[PDB]
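J.: Here it is, the structure, as structure tokens.
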Amino acid sequence: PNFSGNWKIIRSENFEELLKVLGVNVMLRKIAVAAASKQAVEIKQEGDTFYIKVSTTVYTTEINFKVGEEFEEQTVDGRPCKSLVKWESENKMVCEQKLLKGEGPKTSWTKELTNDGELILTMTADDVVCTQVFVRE
Ligand SMILES: *C/C=C(C)/C=C/C=C(C)/C=C/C1=C(C)CCCC1(C)C
Numbered sequence: 002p003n004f005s006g007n008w009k010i011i012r013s014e015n016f017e018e019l020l021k022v023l024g025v026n027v028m029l030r031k032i033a034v035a036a037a038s039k040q041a042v043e044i045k046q047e048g049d050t051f052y053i054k055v056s057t058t059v060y061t062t063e064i065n066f067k068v069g070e071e072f073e074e075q076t077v078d079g080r081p082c083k084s085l086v087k088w089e090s091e092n093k094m095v096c097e098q099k100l101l102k103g104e105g106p107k108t109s110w111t112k113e114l115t116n117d118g119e120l121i122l123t124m125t126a127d128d129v130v131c132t133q134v135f136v137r138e
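Counting from 2, one number per residue, gives the positions in the sequence shown under UniProt numbering.
See the structure below:
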């Protein structure tokens with residue numbers, strides 16, 4: 002359905018704990034938590050092809066993928082990874098990531114459109130799950 006839209010964050014939970022698992026030191030975690038509270042997500046969806054632009058005050062990144070086809074992006078802490086997205090249901094998809102180089106926590110993400118019109122993003126590193134909730138602009 003309708004992932005397409007301009008989304009603004011209303012809630013961000015456990016993001017600091019996620020970055021801590023990923024090795025980010027305390028001062029940068031605090032500043033990253035602050036940046037995340039200004040997160041905006043623009044999505045264009047055509048069938049199972051997605052164009053996604055995630056931005057904060059000073060940074061913007063574009064994620065392009067097709068469900069079921071491997072692509073390359075970065076982990077939350079900025080390491081290059083190979084990613085693969087699959088549907089889990091009508092309006093939820095799940096992305097598994099694999100580091101291109103080296104070792105690290107096992108990371109993934111999910112994107113879900115709820116019946117109440119919220120977009121829920123989850124980001125995971127090992128046992129720690131960050132949940133972010135967005136509404137349409
Ligand atoms: C479908 C939506 C997706 C896959 C959103 C991904 C979002 C990110 C990779 C956000 C990353 C951020 C940081 C790594 C620190 C700066 C603040 C964020 C939350 C924009």
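We treat Cβ as the ideally placed atom computed from N, Cα and C, and that holds for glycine.
#1: Are the beta-carbon atoms of residue 40 and residue 4 separated by less than 7 Å?
#2: Tell me, to the nearest whole angstrom, how far the beta carbon of residue 87 is from that of residue 94; I am working on the premise that it is less than 8 Å.
#3: Whose C-alpha, out of 133, 137, 126 and 134, is nearest the C-alpha of residue 25?
#4: Suppose the cutoff is 6 Å on Cβ atoms and the five residues either side in sequence are ignored; what does the same chain contact list for residue 85 look like?
#5: In the structure shown, what three-state DSSP assignment does residue 34 receive?
#6: Could you work out which residue in 58, 79 and 48 is closest to residue 66 when comparing CA atoms only?
#7: Taking the alpha helix (DSSP H) that residue 22 belongs to, which residues open and close that run?
T.: With the given structure in hand:
#1: no
#2: 7 Å
#3: 126
#4: The answer, listed in chain order, is 71 and 97.
#5: helix
#6: 48
#7: 16-22 is the span of the alpha helix (DSSP H), which, as asked, contains residue 22.
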